[PDB]
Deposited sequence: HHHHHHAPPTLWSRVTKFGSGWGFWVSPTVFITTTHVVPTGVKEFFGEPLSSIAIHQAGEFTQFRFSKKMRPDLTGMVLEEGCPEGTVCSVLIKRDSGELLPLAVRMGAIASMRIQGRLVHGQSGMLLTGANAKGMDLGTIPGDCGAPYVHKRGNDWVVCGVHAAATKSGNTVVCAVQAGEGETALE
């Protein structure tokens, strides 16, 4: 059960979403990142460290962008069998936390590209329980004791919607 403040980290970005890991660290899916710009959130690129690894993009800002937030655990995927929550925001404002049992980390063929990431099985289309275009960047999270953990960003899903894929950091 993700609390309000954790959902407040999910942020509209480009053609999808991203997620504030900390006041200065923002993660998203590479294919939703806007191209051609000279700023993100009003900050000049000169003021932003960009780390990209495949479909996982991480920004570190020099300015505290979300000073209301604490840091949190960011991990490179999760162990097979982990049930994560995908914190899907829709543009209507509706929240759709999607439970997903994560499979193996691998390099997957997706729309003709090789992508490092992690598949998962929803716990779909006909029951409108799945992901849809515009959801990319939404965080995959789980709680470990008193620690919230983010471990991927939404990147793709099957025709059925019963299988999703997150990008994971290198």
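The chain's deposited sequence has unresolved stretches at 1-5, 129-132, 180-187, with no C-alpha coordinates there.
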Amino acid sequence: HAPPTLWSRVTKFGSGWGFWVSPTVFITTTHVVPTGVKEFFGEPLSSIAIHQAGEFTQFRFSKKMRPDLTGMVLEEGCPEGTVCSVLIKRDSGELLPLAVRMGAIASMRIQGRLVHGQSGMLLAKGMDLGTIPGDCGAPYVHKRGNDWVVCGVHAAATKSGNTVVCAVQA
From here on, numbers count along this sequence of modelled residues.
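The term rigid core refers to the most C-alpha atoms you can superpose between the two forms while keeping them within 1.5 Å.
Core superposition of the other structures onto this form places the C-alphas of 152-160 farther off in 8 other deposited structures of this protein than those of the other stretch among 152-160 and 16-24. In a rigid core superposition of the other structures in 8 other deposited structures of this protein, 101-109 and 26-34 differ in how far their CA atoms stray, and the farther one is 101-109. Of the other compared PDB entries of this protein that include residues on both sides, at least a third leave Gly126 without atoms.
Per-stretch averaging of Cα B factors for 124-132 and 29-37 places 124-132 on top. In this entry, 75-83 has the higher mean Cα B-factor, the comparison being between 75-83 and 88-96. Reading the B-factor column for the CA atoms of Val115, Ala138, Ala49, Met65 in the entry, the top value corresponds to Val115. Of all the options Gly152, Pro23, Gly18, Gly161, the entry's greatest CA B-factor is assigned to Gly161. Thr70 sits in the middle third of its chain by CA B factor, as recorded in the PDB entry. Sort the chain's modelled residues by C-alpha temperature factor and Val168 lands in the middle third, per the entry. When the CA B factors of the chain's modelled residues are split into thirds, the value for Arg60 lands in the lowest one.
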